[PDB]
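Student: any chance you can model this:
(chains A, B and C, ligands or ions: 15)
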Amino acid sequence: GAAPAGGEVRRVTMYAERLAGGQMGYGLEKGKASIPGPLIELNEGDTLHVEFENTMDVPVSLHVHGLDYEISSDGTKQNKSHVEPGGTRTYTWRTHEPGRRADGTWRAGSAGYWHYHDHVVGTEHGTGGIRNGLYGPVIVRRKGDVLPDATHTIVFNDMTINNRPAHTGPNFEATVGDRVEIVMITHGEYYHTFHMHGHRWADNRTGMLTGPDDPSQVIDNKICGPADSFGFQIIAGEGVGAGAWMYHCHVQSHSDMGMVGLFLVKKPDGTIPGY
Amino acid sequence: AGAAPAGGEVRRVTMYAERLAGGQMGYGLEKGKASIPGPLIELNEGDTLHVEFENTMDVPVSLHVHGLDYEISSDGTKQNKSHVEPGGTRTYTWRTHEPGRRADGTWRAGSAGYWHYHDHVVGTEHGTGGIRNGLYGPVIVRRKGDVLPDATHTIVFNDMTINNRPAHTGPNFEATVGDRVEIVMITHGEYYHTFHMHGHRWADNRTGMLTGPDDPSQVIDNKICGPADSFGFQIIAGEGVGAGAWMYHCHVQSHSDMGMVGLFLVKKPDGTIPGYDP
Amino acid sequence: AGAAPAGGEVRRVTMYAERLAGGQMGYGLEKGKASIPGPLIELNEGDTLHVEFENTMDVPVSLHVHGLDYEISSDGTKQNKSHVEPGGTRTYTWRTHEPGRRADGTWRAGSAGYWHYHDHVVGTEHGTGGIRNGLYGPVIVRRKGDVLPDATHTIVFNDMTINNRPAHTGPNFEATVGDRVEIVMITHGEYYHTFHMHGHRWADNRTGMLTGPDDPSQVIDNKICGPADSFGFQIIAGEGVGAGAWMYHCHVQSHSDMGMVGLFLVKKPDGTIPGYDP
Ligand SMILES: [Cl-]
Ligand SMILES: [Cl-]
Ligand SMILES: [Cu+2]
Ligand SMILES: [Cu+2]
Ligand SMILES: [Cu+2]
Ligand SMILES: [Cu+2]
Ligand SMILES: [Cu+2]
Ligand SMILES: [Cu+2]
Ligand SMILES: [Cu+2]
Ligand SMILES: [Cu+2]
Ligand SMILES: [Cu+2]
Ligand SMILES: [Cu+2]
Ligand SMILES: [Cu+2]
Ligand SMILES: [Cu+2]
Ligand code: NA
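Tutor: Numbering: from 1, shown residues only, chains lettered A, B, ... in the order given. Ligands and ions are numbered 1, 2, ... in the order given. Okay, here it is:
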């Protein structure tokens, strides 16, 4: 599968909800909040109207990286684009294809691995909302982009992955030969280095070299900081086979404290060597 | 408007290091007009710049540049006695070169890029005091044919300040929708940071602009940088997003909460900014 | 210039983990000759390496490698029982592949790049103690046609040391003007760093040099890196700048002040260095 040319106007509902233990999450339905929030995927040219309701007892917002939006959808208290308790606001995100401007230069398209998060809970930069769990991934695809069999989102939020307790993953499963897409977001206060055992990717927009002429470094380890995002696709077990392949932050105190998960790659019969 | 010409010119400028109010120190092109950041120096690949440097201060100081060609006598360090004693003068010479094929068949990278200069001698033998006090500034070297901007703004994350300004006090920059704005970004000190701009994005490559449809550089609005990293880009003000008070800030959460924030004020051609109401 | 040939060879080498003077631990290819950093392993894309590994120590130890192809039985972790007990032996196998077209129409990336190996079992299940003690080394995988250097030097920022050495004790590296010098740069431990080289610059891409005039990679002399990052490049020693004691250092100000500094000693043909103290 490859991505089609975009151009459709889409609508979705989103809600901010309290979860257990002082956490907060986004969901596409009341009672369906999750951390991270739901994956939003768009084709370059698509417009998305996000009909957003704050079900909580404190103000909240939705702010997005990378996409086109007018100042009225900035999602900050500074611009009065936040949402009071019980309120509804329609946020509009737009995207565009690349193309040459009249001045002769190449205008970059929206395609990329992006993310949305809160900007008003706790402080006017969303520090409390982000810690509590108000973040989620946005994928914008260019026409012809290769589509994966599955997508997994890994968020290094301070000293946790996806706000989970230390040493509790998350784990992800695949079968040898699956095309697996990873979205990588970082939040909070610390720099991290994401590492994957047994797999590697290109350090460019799609995480895959375009061909023999792409000079991007091929890596299996990458430093990132708060609100960085990137993504890539790998063929699970390619050249290396089945197994319980760790991924972790490579800052030594961070892995030692439990910023680790498993990429569980099964043989076609469902078994996993040595696990 | 237009594009950078071919280089090759021999240029001179005078540069002064001066004390400023409040324990600051700055470079400038004239006495009593020092600034933090210091003056933007622009060269075209091939140009030579002779910097007639004068220390007006009562302590040693130096001038050390990233990226450009210099011989060891313009290194600007005490370690090889290229610093400037109090009250003294020295000529620092910087050269630039074009890219080109070597005799061995390999491709020699050119000098073009976003670079910077700073002190290497005040407080420690790595300029830790000078850098903290404000002795830093931007250097742009352009390749022949590089697109030229309508304006250029330099943003330096120096420890917990922007351009040595106190928390929450700017700087702010203004533009009109459609302006071609160049941003030069430099980091200094002890901390890593992540630079973010609302409403705008750039390419992670030499010029910040994709060269065309075959450039696979990631397009970003957020980038981690550490001490003495430099990069630059050009954006079209309000492109696809309209006028507004577009924030820029470090995205390390405690850093933005403690004032590492500024405003990119993008106006309509009639001067209006929608919903800007501070 | 000289160029890497096509790979495809199957090679074998012995490796040992040994305790070294002063509470350190190192890898080596011969008993009693372990070093920090460990020996440089060089492969052409397609080659296979069987490392016949022996642990001469009193604690379990492993060998884990970045970037290369390996099965789970050569992962080098306790978590899947591919560590080596005291006195034990194990054959670890590393494979590499060329780039090429896939049936789905995508371009599979090759193994070529600047990589590294290290312990994953000493002190903790992530090798924190082993890495601190010095169990790390560089791996270079070359693509057919890659330019070969006159010499290669490995610089490891391991916590607050370079190559586990005390502050202000190097290492220093020697070259003659015109030498083609390869640098492998690895980071380990707990802290981010920014590697900086006076007088020289390189391209932020796979090989550290631009393929030609269509490569838009930023040209840099300063780069932020974190634990287990690796990159490398090649430079012409003194090119456009001449002979001298060219410092390299972390540019985090407190780190360079504390001694994360070394010298790139570039000599004239007669072996002297204008302005230096041997
Ligand atoms: Cl302005
Ligand atoms: Cl690939
Ligand atoms: Cu913001
Ligand atoms: Cu981490
Ligand atoms: Cu690994
Ligand atoms: Cu953000
Ligand atoms: Cu220096
Ligand atoms: Cu910051
Ligand atoms: Cu934003
Ligand atoms: Cu510097
Ligand atoms: Cu690991
Ligand atoms: Cu450092
Ligand atoms: Cu320097
Ligand atoms: Cu590692
Ligand atoms: Na690149």
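Student: give me the neighbour count for the residue in chain A that chain C sits nearest to.
Tutor: Residue nearest to chain C within chain A: residue A:243 (3.1 Å; C-beta to the nearest C-beta). For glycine as for every other residue, the C-beta is placed from the backbone atoms N, C-alpha and C. For residue A:243, the neighbour count with other C-beta atoms under 10 Å in any protein chain shown is 26.
Student: look up which residues are beta-bridged to it.
Tutor: residue A:265 (DSSP bridges).
Student: residue A:14 too?
Tutor: residue A:52.
Student: what distance do you get for the closest residue to residue A:11 other than its chain neighbours to residue C:83?
Tutor: Sequence neighbours aside, residue A:49 is the residue nearest to residue A:11 in space, at 4.8 Å (criterion: C-beta to C-beta, 6 or more residues apart in numbering or on different chains). Distance, residue A:49 to residue C:83, using C-beta to C-beta, to the nearest Å: 54 Å.
Student: next: residue A:53.
Tutor: 52 Å.
Student: for residue A:206, same thing?
Tutor: Taking C-beta to C-beta, one finds residue A:206 at 36 Å from residue C:83.
Student: alpha carbons of stretch A:243-261, as CSV, please.
Tutor: Provided in CSV are the C-alpha atoms of stretch A:243-261 (Å, rounded to 0.1, in the frame of the first residue of the first chain):
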residue,chain,number,x,y,z
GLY,A,243,13.5,-12.8,19.2
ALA,A,244,12.8,-10.5,22.1
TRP,A,245,14.4,-7.4,20.8
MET,A,246,14.8,-4.7,23.4
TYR,A,247,14.4,-1.0,22.8
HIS,A,248,15.4,1.4,25.5
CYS,A,249,16.8,4.8,26.2
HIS,A,250,20.6,4.5,26.3
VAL,A,251,21.3,7.0,29.0
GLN,A,252,22.6,4.5,31.5
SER,A,253,20.7,5.7,34.6
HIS,A,254,17.5,5.8,32.5
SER,A,255,17.7,2.2,31.2
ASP,A,256,18.8,1.0,34.6
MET,A,257,15.8,2.7,36.2
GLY,A,258,13.5,1.0,33.7
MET,A,259,13.0,3.0,30.4
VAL,A,260,13.0,-0.3,28.5
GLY,A,261,10.6,-2.2,26.4
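Student: my read is that residue A:265 contacts residue A:243, right?
Tutor: Yes - Residue A:265 lies in contact with residue A:243 (C-beta atoms under 8 Å); the separation is 6.1 Å.
Student: intersection of neighbour lists for these two?
Tutor: Common neighbours of residue A:265 and residue A:243, using C-beta atoms under 8 Å, 6 or more residues apart in numbering or on different chains, are A:237, A:272.
Student: the spatially most central residue of chain A in helix, strand or coil?
Tutor: In chain A, the centroid-proximal residue (C-alpha atoms, centre = their mean) is residue A:137; its distance is 2.9 Å. Per DSSP: H, G, I helix; E, B strand; the rest coil, the local secondary structure of residue A:137 is strand.
Student: wait, isn't it in contact with residue A:36?
Tutor: Yes - with contact defined as C-beta under 8 Å, residue A:137 and residue A:36 form a contacting pair (6.3 Å).
Student: residues shared between the contacts of the two?
Tutor: A:153, A:155, A:185.
Student: which of these lies closest to ligand 1?
Tutor: residue A:185 (32.2 Å; C-beta to the ion).
Student: element containing that closest one, please.
Tutor: strand A:179-187 (DSSP states H and E).
Student: next: residue A:148.
Tutor: Counting by DSSP H and E, residue A:148 is held by no secondary-structure element, helix or strand.
Student: and it, how many neighbours?
Tutor: Around residue A:148 there are 17 residues (other C-beta under 10 Å).
Student: residues in contact with it?
Tutor: A:179, A:180, A:181, A:233.
Student: one more time with 10 Å, if that's ok
Tutor: A:1, A:139, A:178, A:179, A:180, A:181, A:182, A:231, A:233, A:234 (C-beta atoms under 10 Å, 6 or more residues apart in numbering or on different chains).
Student: what secondary structure does residue A:130 sit in?
Tutor: Assigned state for residue A:130: helix (three-state reduction, three-state DSSP).
Student: please name the bridge partners of residue A:260.
Tutor: residue A:248.
Student: which ones are touching it?
Tutor: Residue A:260 touches A:161, A:166-169, A:171, A:195, A:246-249, A:254, C:79, C:125-126, counting by C-beta under 10 Å, 6+ apart.
Student: now residue A:100: closest residue in space that isn't a chain neighbour?
Tutor: Residue A:100 sits nearest to residue A:106 (C-beta to C-beta, 6+ apart), 5.8 Å away.
Student: actually residue A:164, sorry about that
Tutor: Residue A:164 sits nearest to residue A:170 (C-beta to C-beta, 6+ apart), 6.3 Å away.
Student: wait, isn't that neighbour in contact with residue A:161?
Tutor: Yes - Residue A:170 is in contact with residue A:161 according to C-beta atoms under 10 Å; the separation is 6.6 Å.
Student: re the thing from before, how about the contacts made by the residue nearest to the centre of chain A?
Tutor: A:36-41, A:113-116, A:151-155, A:183-185, A:229, A:231.
Student: what's the local residue count around residue A:22?
Tutor: 10.
Student: how many residues are close by whichever residue of chain A sits closest to chain B?
Tutor: In chain A, no residue comes nearer to chain B than residue A:71, which is 3.0 Å away by C-beta to the nearest C-beta. Neighbour count of residue A:71, defined by other C-beta under 10 Å: 23.
Student: next one: residue A:122
Tutor: Counted with other C-beta under 10 Å, residue A:122 comes out at 17.
Student: mind listing what it touches?
Tutor: A:58, A:128, A:129, A:130, A:131, A:132, A:134, B:253, B:257 are the contacts of residue A:122 under C-beta under 10 Å, 6+ apart.
Student: in CSV: the residues you listed, plus distance to ligand 12.
Tutor: Output for these, formatted as CSV (distance: C-beta to the ion, whole Å):
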residue, distance to ligand 12
A:58, 40
A:128, 32
A:129, 33
A:130, 28
A:131, 28
A:132, 33
A:134, 34
B:253, 23
B:257, 26
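Student: now the residues you listed: which count as buried?
Tutor: A:128, A:129, A:130, A:131, A:132, A:134, B:253, B:257 (16 or more other C-beta atoms under 10 Å in any protein chain shown).
Student: my guess is the second one meets residue A:117, correct?
Tutor: Same thing as residue A:129. Yes - at 7.1 Å, residue A:129 counts as touching residue A:117 under the criterion of C-beta under 10 Å.
Student: now for these two: what residues contact both?
Tutor: The contact sets of residue A:129 and residue A:117 overlap at A:26, A:61, A:63, A:135 (C-beta under 10 Å, 6+ apart).
Student: up against ligand 9, what does chain A have?
Tutor: Within chain A, the residues that sit near ligand 9 (C-beta under 5 Å from the ion) are residue A:65.
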